Structures are given as structure tokens and as C-alpha cells.
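To begin, one chain is listed below as C-alpha cells, in the form deposited in one PDB entry.
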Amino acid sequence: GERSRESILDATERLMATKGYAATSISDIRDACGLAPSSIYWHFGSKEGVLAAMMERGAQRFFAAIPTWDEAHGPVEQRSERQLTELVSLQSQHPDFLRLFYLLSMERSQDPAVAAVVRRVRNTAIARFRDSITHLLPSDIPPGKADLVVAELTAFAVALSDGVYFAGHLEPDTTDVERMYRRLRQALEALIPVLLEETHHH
């Protein structure tokens, strides 16, 4: 049972918006929430552990929301447009959740528990792309080739999505997030016949 876990996460979230990632140390957190570093090392095990938990907290709160009803809403193109705007809304609001993820992924992990948190959020994003991509393929594609194509398209879509964040971050004025995801869809649709053709070379 942890009440203090919530107080620590809130304090560090304030320190992240102000001092930043590099300027935030364990002493700063200690001063903000009024807990000893050993007590902080108790709950999250590390300074990075707090960041991992903070980014994890943001994930389930933001990422996981209302994924399901797009299927029942309609079989039609409104599905992609639902997921598009859902992914756009996630991107266009520019949360510190996305910021914390890329911060931790690039950071060398001295706390192996942090990596496990990163992989959970990463695989979550991959699955969300894989789901919407499988429906972009025509239904007559054989199941064998359909798997390899989706896999390669997924990594492509995920890589594009990562660059969208940095584009909106480093070029806020000239970047249209919805338009870039529109181009992604057009790119994927064009890659399918090319991807199909390269699997026939067996």
C-alpha cells in the first residue's frame, strides 16, 4: 500500500516541466515531496524508476483510453479516421508522456526494471499499429504473406510515428500532424503491392 507513491510522481512531474530532465536529480525530488532518497529508492528503486513509473502512469491514462468501439462504430473507413484522430489527438496535444518515453529509451539504463517499462509501452504502440494495418490489406491476401507484410509495414509506421513527434517538437510552425499521418497511410497503401512482389522471389 502506497500513498506516498502518488506524491512523489506529482512532485517529479512538476520538476520535469520546470528544471528539465538533466537538471532533475534525486536531491531535487527529495526537497519537493519531502521524502528521504532511501524512501524514494524503496518505491521505484531509482531516479529513473520514478521516471519509468511516471511515464507508465501517463501511458495507461492516455494511451489505453477507449480503443475498442472503433470496430463497432462502423466497419467502414471511419475506423482508420477514428484511429487517425486518436493518434493525432495523442500527438497534437503533445504530452510529456511521449517526451518521457523517448527520454528513457535513449537513456542508458542502469536500472533493468526501467527497460521492462519501456518495452511494455513500445510493444503497446506496435500492437496498435499492427491492428489497424492488417485491415489496410485486401482480404484475399494469403495468410502466410499477410503476416510478413504487416510486420514490415508496422515497423515502418512506428518509425514514421516516432519522427512525427520530433517534427512537431523541433518544427512546431511548419508541421501538420494530421497531414503527415495522411501521407503515412498513402505510403503504406503503395508499399503493399511492392511488399507483395518481393515475397514471390522464393
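Throughout, we count residues from 1 along the sequence that is shown.
Keep in mind the form deposited in another entry is missing from the figure; the text below concerns it.
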query: Between the shown form and the other one, rigid part identical for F101 and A146; finding: yes
query: Pair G168/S25, Cα separation in the other form versus the displayed form, closer or farther by 3 angstroms or more; finding: farther
query: Pair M106/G45, Cα separation in the other form versus the displayed form, closer or farther by 3 angstroms or more; finding: farther
